[PDB]
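**Q** below: the sequence, then the experimentally determined structure.
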Amino acid sequence: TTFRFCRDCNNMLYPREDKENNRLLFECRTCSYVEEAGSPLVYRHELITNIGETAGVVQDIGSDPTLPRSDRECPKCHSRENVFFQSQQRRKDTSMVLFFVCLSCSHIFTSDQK
Amino acid sequence: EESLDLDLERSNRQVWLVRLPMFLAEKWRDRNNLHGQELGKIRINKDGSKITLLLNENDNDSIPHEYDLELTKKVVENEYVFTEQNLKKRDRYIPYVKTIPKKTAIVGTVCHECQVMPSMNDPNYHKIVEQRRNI
Amino acid sequence: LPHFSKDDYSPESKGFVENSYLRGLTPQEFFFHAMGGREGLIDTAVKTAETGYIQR
Amino acid sequence: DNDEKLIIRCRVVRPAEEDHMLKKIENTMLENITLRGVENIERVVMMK
Amino acid sequence: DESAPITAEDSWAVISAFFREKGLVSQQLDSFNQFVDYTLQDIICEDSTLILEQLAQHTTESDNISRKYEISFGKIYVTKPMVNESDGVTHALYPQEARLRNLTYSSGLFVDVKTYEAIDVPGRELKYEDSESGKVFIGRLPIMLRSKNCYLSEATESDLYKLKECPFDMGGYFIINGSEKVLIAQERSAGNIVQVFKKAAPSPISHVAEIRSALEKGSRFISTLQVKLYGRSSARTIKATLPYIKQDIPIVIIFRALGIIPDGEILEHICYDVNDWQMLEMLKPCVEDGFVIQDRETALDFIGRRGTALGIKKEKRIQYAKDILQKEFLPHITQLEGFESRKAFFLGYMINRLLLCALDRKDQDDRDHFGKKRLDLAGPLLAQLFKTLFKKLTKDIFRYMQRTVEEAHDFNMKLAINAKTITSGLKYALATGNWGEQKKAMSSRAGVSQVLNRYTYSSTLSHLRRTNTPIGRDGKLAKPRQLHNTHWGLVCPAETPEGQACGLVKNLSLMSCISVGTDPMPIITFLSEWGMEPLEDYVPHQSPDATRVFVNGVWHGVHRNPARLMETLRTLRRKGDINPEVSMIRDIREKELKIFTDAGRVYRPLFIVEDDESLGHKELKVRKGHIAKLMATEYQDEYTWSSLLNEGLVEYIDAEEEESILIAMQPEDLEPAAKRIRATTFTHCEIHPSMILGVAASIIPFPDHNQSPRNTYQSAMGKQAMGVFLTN
Amino acid sequence: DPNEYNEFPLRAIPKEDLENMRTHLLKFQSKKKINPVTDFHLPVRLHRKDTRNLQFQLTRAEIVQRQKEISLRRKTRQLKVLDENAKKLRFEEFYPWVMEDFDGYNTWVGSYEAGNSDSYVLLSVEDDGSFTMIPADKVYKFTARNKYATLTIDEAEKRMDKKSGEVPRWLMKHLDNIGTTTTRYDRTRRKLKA
Ligand SMILES: [Zn+2]
Ligand SMILES: [Zn+2]
């Protein structure tokens, strides 16, 4: 779903169809540069999703004091130290799922006990 | 009398843009100075990658005599120094455009963006630390 | 409240008064009690004028 | 229903410039086509 | 031992020192002292220019001489209260004298006032460019009691009784026509700060972002900027409103006109994580809207007329548009000529914040949060009135100088009527309660100069630290009347009146202090010196993780390491090299850094806790030796609260920071490993919980052990009790 | 220290040489490296010109070819104060810096940014090994223009009017087929052909 831009100018390449060769082309509607289409994918919507929960996972998450600490272990380093926080997606229909990041292994993993 | 076209000859000269700390910039940007006197010495590694400045004793030991020069951008592109001075005294086109001609010439190419920082280990250094702390 | 760790839903963290008047409250619980009292005060202080208009 | 990916494949019949027109079609499909029930009614609860 | 920890009991000594130093009315006193020491020479030297160089008023006339009429004001002067009666000498006043004689405990002013020419007949040109007295009287203005320039601010108890007034009269009221007079704080939403709103569904706008601005306080520079998101659908489009442009304008046109032609750059100014896409998808229609224009001045060529009368024009001057965008647009971060890029980055930041709310990534803004408000006080209010009356002064000075086409320059007598105007205006403002000149009560909120209550010493003290906000006549029922979490430890949660004003008037807690502001220039210079990326050469690609930096709500640069800068600033503050009123916050979740040094913030003291400890787990830095020294100093009848501040033992916290600090209620609550019911990462411990009250509630014994509305009933009622109010 | 380095004291530029001469800093916004001496078609002229209707402006080669082919007051006034240096800056920036090569292949428009002009100081190595110290008074930034044959303002105003819900996705392609408003390099090439 990524967008490409003209090498000659940072401008959105609009897909357009080859009438005779029947393959999608991306032409810079600013300047005559044209480009081949990597995938038949053109536009992507994703009306409902469960993404964006890994937003703002800075390397300094453990630095802040206010995030609570737990005793669960990361299944890479098993160090009981870790920092946990709930879903970043602030909508009324969210879930009580939590996210555990451990300072030692610097890895993020879900709270799913299943 | 002078050719309006700019000179392209003096381009091929490497230039080092230097960001300078306020105290030292105040001294060097003064028009009263700049008589051509030497002011400091530079140290370059044969291996490279580390540059430090050896300031002369003309500073009156009020500021560090040693500084480290850090190349913020080792490689620099599309940056140049051009100099200006006064000259001697669907197909429709616009005839009058009010051109204003000046004598111009490009004199150098910027290749190294670097900043002067006082070496904390310098004995005269860390004094400007308190000076900046007060201000 | 800035005396709690983030993202807690324990009753004390989110404002459950545990103690009784006999022993006396705790700073946080005191604050929450103040909140409730203020709510009651303001709601009545507005409804009085409103419902007076309706009555008239 | 045998397939586990609930997918619909449609194409415009005409005997070209698909972006705007087909996005309009998609919006119409999403916010115009009712399925069952009567509009102006929302979640309904069963009570004993 | 001296390095032993501190029992919760011992905290009281610290409080004793803090009061012994600060004094309760410190807020009002310091506001006035600041307004007198500065902000007055500033307000004059700012606009001290007025010249009438009548060279020839037309070409020649051969030539004539450049008849400069240069008048400028140098240093100003203030006097002790020094008032003469009719037909008599001037007395050295004293508060009781004015109080019984119905005077105004004011003092006079007089300011210095400052031809040699350049001549030009037509060709060449561009080089064609008085006092009559000194320190001319300009008027008299009232004074704050026990201010820097009040007689009482140095009295000794013996001398204080010689002057015959009660030593317990701590408090800065005013004496107007012989009546104790008090001004009250006015809270207002802080300016120059990004906010977003979710407007109601029926309107074609769903999400809006608003910016306020000011210059402190020329022309009032309201200059509201707001960006609206249209449609619910493909009507997704973003338009902005700018003065003096009276159409909604597509933001892409704004970017292009600013000087950013290639669309990819504009995308870089909005989106930061190139990996994410959703924002690009919702921007797609906006990019489509501006697909037609491809040049900066052509975008500038858009009319946005709103007037005034079209001067030199073809359709719209490019010069007109650029002069708008520089001089008037966004009166903050810059307004001079040459910082288009700063404008672009800030506008992109605000667009991004707007877009998040529509994308549900971040929640709705909270208007009622306390920190994003401020408390205007005596200083700023007197500043506003003085500015208005001095503008009237200058306009009148221009008059009667143009009138004296013939001889001569007065320089003397008009300023007498001017002094009458200035003094009359100040007197009227401070006595009537209306706030402004005789403008038929326009914009004149009355509750600014209430009459000081004098029934009970408790009441009197409970009338100084008072606040008020304008909301409406009748009142709403879902807005700041109800208490808020942010109010903790800053405003007393029980000392409020009831009825038609409940929750509006509110009362400062005990140690709460107000921010008097400080020049940010040294701070920003220091920050740049220690390594800053000026935004002029920023690039998101090479900075996928760098942290933005804000000062008083201006973006200045981006930095790589926030941690070291944070600790360095903290240490430098604690060492006392920065005014402690300055507050900084590191929003590590948002990758953001804030610096605040404006005036009018509210802050409280706190114990600092060092996480590290050679003795073991964790410990607050102060020890027993310091408190022993404090007790010794007190009983001497030389540690001060300031002397506690310098060496890093307690630190001020504004209302904004708490969102980045964890607090320990008791100094022993969890520090180590029936009566009643009772993490390991604390940074600060409360000095004492009982200090969250205000003046009146403090009297209530065991306020914990009874219902809160009953405490509110008593807090209100106690002010209606007799007893003593002074001794004189 | 052991001689692992080249030491030489940098020397200042002579004071008397500096006066009456102004030195500025030049910047290009471009993803690809551009070398003025090689890429540009000499002769190259730097002029301070009004930028209105840049496309309609004839190329320097075109101009040379054309030349060869030819061969009551109110009496009471008050002025608000403005800083003299600010007034001079406004006067100088009233016209932008515009640089063109003879061919007209590449055109660049400069702008002035005051963010770091004062703090930055020029240092370039002299022939003897000294480093020339220059206080940099102003820094100018140049951007490319007219490379993509931009459309004109009036037709753009007509398009933005809501005559159509969406403008033709191939409007630029159709205009290029009509070849309206050819590039300055294209116009110069056509003139040279004629
Ligand atoms: Zn292109
Ligand atoms: Zn692990």
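**A** Good, I have the coordinates. Numbers count the residues shown, from 1 in each chain, chains lettered A, B, ... in the order given. Ligands and ions are numbered 1, 2, ... in the order given.
**Q** can you tell me the SS state at residue E:713?
**A** When classified by DSSP: H, G, I helix; E, B strand; the rest coil, residue E:713 comes out as helix.
**Q** please save the CA atoms from the helix or strand that contains residue F:27 in CSV.
**A** Element membership for residue F:27, per DSSP states H and E: strand F:22-29. C-alpha atoms of strand F:22-29 as CSV (Å, rounded to 0.1, in the frame of the first residue of the first chain):
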residue,chain,number,x,y,z
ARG,F,22,30.3,41.0,0.3
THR,F,23,30.5,37.3,0.8
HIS,F,24,27.4,35.0,1.0
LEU,F,25,26.6,31.3,1.4
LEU,F,26,25.0,29.4,-1.5
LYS,F,27,22.7,26.4,-1.2
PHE,F,28,20.9,24.1,-3.6
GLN,F,29,17.8,22.0,-2.8
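**Q** tell me the helices in chain C, going along the chain?
**A** Under the criterion DSSP state H, chain C contains helices at C:27-55.
**Q** residue in it nearest to chain D?
**A** residue C:9 (25.6 Å; C-beta to the nearest C-beta). No exception for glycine: its C-beta is placed from N, CA and C like everyone else's.
**Q** equivalent analysis for chain B, please.
**A** residue B:90 (27.3 Å).
**Q** which SS state does that residue fall under?
**A** Here residue B:90 is coil, with the state taken from three-state DSSP.
**Q** and the strand holding residue F:27, what does it pack against?
**A** Judged by 3 or more C-beta pairs under 8 Å, 6 or more residues apart in numbering or on different chains; DSSP states H and E, strand F:22-29 is in contact with strand B:79-85, strand B:103-118, strand F:120-125, strand F:138-145.
**Q** okay if I get those strands as a markdown table plus distance to residue A:50 and mean neighbour count?
**A** Below are the helices and strands packed on strand F:22-29 laid out as a markdown table (distance: least, C-beta to C-beta, whole Å; neighbours: other C-beta atoms under 10 Å in any protein chain shown):
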| stretch | distance to residue A:50 | mean neighbour count |
| --- | --- | --- |
| strand B:79-85 | 47 | 20 |
| strand B:103-118 | 45 | 20 |
| strand F:120-125 | 50 | 20 |
| strand F:138-145 | 43 | 19 |
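**Q** was I right to think residue F:75 contacts residue E:56?
**A** No. Applying C-beta atoms under 8 Å, one finds residue F:75 not in contact with residue E:56, separated by 10.6 Å.
**Q** between these two, who's got more neighbours?
**A** Applying other C-beta atoms under 10 Å in any protein chain shown to residue F:75 and residue E:56 shows that residue E:56 carries more neighbours, namely 17 against 10.
**Q** now that one: closest residue in space, sequence neighbours ignored.
**A** Leaving out its chain neighbours, the residue that sits closest to residue E:56 by C-beta to C-beta, 6 or more residues apart in numbering or on different chains is residue E:64, at 4.7 Å.
**Q** so that neighbour touches residue E:55, yeah?
**A** Yes. In this structure, residue E:64 is within contact of residue E:55 by C-beta under 8 Å, at 7.1 Å.
**Q** who has more neighbours, those two?
**A** Set side by side, residue E:64 and residue E:55 show more neighbours around residue E:55, with 19 against 15, by other C-beta under 10 Å.
**Q** residue contacts, the nearest residue to the more buried one once chain neighbours are set aside?
**A** Among residues not flanking residue E:55 along the chain, residue E:66 sits closest, at 4.3 Å (C-beta to C-beta, 6+ apart). Contact analysis of residue E:66 by C-beta atoms under 8 Å, 6 or more residues apart in numbering or on different chains lists E:53, E:54, E:55, E:115, E:117, E:118, E:119, E:128, E:129.
**Q** make CSV out of these and add distance to residue E:415 and secondary structure.
**A** Output for the contacts of residue E:66, formatted as CSV (distance: C-beta to C-beta, whole Å; DSSP: H, G, I helix; E, B strand; the rest coil):
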residue, distance to residue E:415, secondary structure
E:53, 22, coil
E:54, 22, strand
E:55, 27, coil
E:115, 20, coil
E:117, 26, coil
E:118, 29, coil
E:119, 32, coil
E:128, 30, coil
E:129, 27, coil
